[PDB]
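First listed ligand is number 1; within each ligand, the first listed atom is number 1. All values below come from the heavy atoms of this structure, side chains included, with hydrogens, waters and symmetry mates left out. Below, read A as the first sequence line, B as the second, and so on, with proteins coming before strands; counting in each chain starts at 1.
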There are 2 protein chains.
Amino acid sequence: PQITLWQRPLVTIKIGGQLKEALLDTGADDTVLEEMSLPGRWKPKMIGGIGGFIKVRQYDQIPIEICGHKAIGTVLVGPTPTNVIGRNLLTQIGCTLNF
Amino acid sequence: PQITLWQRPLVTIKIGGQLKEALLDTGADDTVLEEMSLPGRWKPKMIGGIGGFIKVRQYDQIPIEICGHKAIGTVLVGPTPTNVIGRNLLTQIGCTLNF
Ligand SMILES: C=CCNC(=O)[C@@H](NC(=O)[C@@](O)(CCCN(Cc1ccc(Br)cc1)NC(=O)[C@@H](NC(=O)OC)C(C)(C)C)Cc1ccccc1)C(C)(C)C
Ligand SMILES: [Cl-]
Ligand SMILES: [Cl-]
Ligand SMILES: [Cl-]
């Protein structure tokens with residue numbers, strides 16, 4: 001699809017069998033989701049946003065569908081203001097910016 | 001242009017007679033730049049991201065050129081860790097997400 005930016009680019013994602021709403025965010029290196037349960041072991045990561053730094057849980061190799069497009073990659077879980085899909089997964093689904 | 005998301009999508013902007021590098025950020029409602037002088041009225045704003053909020057000055061009706069494309073809009077100025085071009089200006093240069 002082609003998504004214009006007059007509104008927030010919110011899409012439906014599916015992760016762990018559940019649907020959620022997430023923001024397609026070309027300014028984000030990483031994908032960060034609000035608190036949820038994921039399988040397996042996690043590693044620590046400190047990520048920086050416009051307000052400062054937060055600690056998150058890093059899960060690797062997680063299947064996630066984004067607008068119907070299948071991806072499998074690193075998902076960070078922590079106290080983010082919104083679910084954000086970053087470039088690590090935007091590249092998996094073949095996203096570019098065009099103007 | 002078509003801009004890949006393998007790397008951060010950084011572009012050159014011209015604003016207030018200055019050249020600066022900024023990140024094209026579909027996740028950002030607003031355009032926010034590191035401290036600089038701009039002419040005209042402003043009012044204070046709090047803006048929130050990962051890690052919480054920062055206080056910025058909001059300037060309206062500011063001319064900007066982004067990757068060669070002229071636009072005008074609101075520019076927020078304050079202690080952002082990095083220069084971000086948000087949707088308010090991305091729309092004006094006809095920037096879309098595509099996959
Ligand atoms: C939600 C209300 C509106 N709120 C914004 O609309 C705000 N938008 C945002 O905060 C975001 O779009 C992110 C802006 C881009 N940011 C640049 C950045 C780069 C380095 C450092 Br150190 C600090 C900042 N990237 C990040 O934070 C990411 N870090 C990063 O990749 O490390 C390299 C991450 C933490 C999301 C992974 C995300 C966002 C979107 C919507 C809401 C909240 C957050 C606003 C426009 C007001 C700044
Ligand atoms: Cl990944
Ligand atoms: Cl504007
Ligand atoms: Cl349009």
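- Ligand 1 places these atoms under 4.0 Å from at least one heavy atom of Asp25(B): 12 (O), 13 (C), 14 (C), 15 (C).
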* Take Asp29(A) and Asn88(A), measure what side-chain contact (heavy atoms from CB on, under 4.5 Å) needs, and give me the verdict at the end. => CA-CA 6 Å; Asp29(A) 293 346; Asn88(A) 72 302; over 6 Å; no
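- Closest to atom 46 (C) of ligand 1 by heavy atom, among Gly86(B), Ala28(A), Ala28(B), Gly86(A), is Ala28(B).
- A salt bridge between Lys45(A) and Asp30(A) is present, with a side-chain N of the basic residue lying under 4.0 Å from a carboxylate O of the acidic one.
- Summarising the contacts of atom 48 (C) of ligand 1 with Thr82(A), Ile47(B), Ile50(A), the nearest heavy atom is found in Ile50(A).
- Close approach to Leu23(A) involves these atoms of ligand 1, each under 4.0 Å from a residue heavy atom: 40 (C), 41 (C).
- Geometrically, ligand 1 and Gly48(A) share a nitrogen or oxygen pair separated by less than 3.5 Å.
- By the 4.0 Å heavy-atom criterion, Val32(A) is excluded from the residues contacting ligand 1.
- Considering backbone and side-chain atoms alike, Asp30(B) places every N or O at 3.5 Å or more from each N or O of ligand 1.
- The N/O atoms of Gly27(B), backbone and side chain alike, include one that comes under 3.5 Å of an N/O atom in ligand 1.
- Under 4.0 angstrom from ligand 1, the non-hydrogen atoms of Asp29(B) come from both its backbone and its side chain.
- Counting only heavy atoms of the protein, atom 10 (O) of ligand 1 lies nearest to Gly49(B) CA, 3.4 Å.
- Within 6.0 Å of the CD1 atom in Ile72(A), the count of heavy atoms belonging to other residues, nucleotides or ligands does not exceed 12.
- Remark: side-chain polar atoms of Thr26(B) are paired, donor with acceptor, to backbone N or O of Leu24(A) under 3.5 angstrom.
- Counting heavy atoms under 4.0 Å from ligand 1, residue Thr80(A) does not touch it at all.
- Of the heavy atoms in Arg8(B), only side-chain atoms (C-beta onward) come closer than 4.0 Å to ligand 1.
- Between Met36(A) and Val77(A), the shortest heavy-atom distance links the atoms N-CG1, 3.7 Å.
- Salt-bridge annotation for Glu65(A) and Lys20(A): absent, with no side-chain N of the basic residue lying under 4.0 Å from a carboxylate O of the acidic one.
- Scanning both residues, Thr74(B) and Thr31(B), for their nearest heavy atoms gives O-CB, 4.0 Å.
- Here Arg57(A) pairs with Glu35(A) in a salt bridge; the nearest charged N to carboxylate O distance falls below 4.0 Å.
- Looking at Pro81(A) against ligand 1, only its side chain comes within 4.0 Å, counting heavy atoms.
- Between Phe99(A) and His69(B), the angle of the ring planes goes over 60°, which puts this pair in the perpendicular group of the 30/60° scheme.
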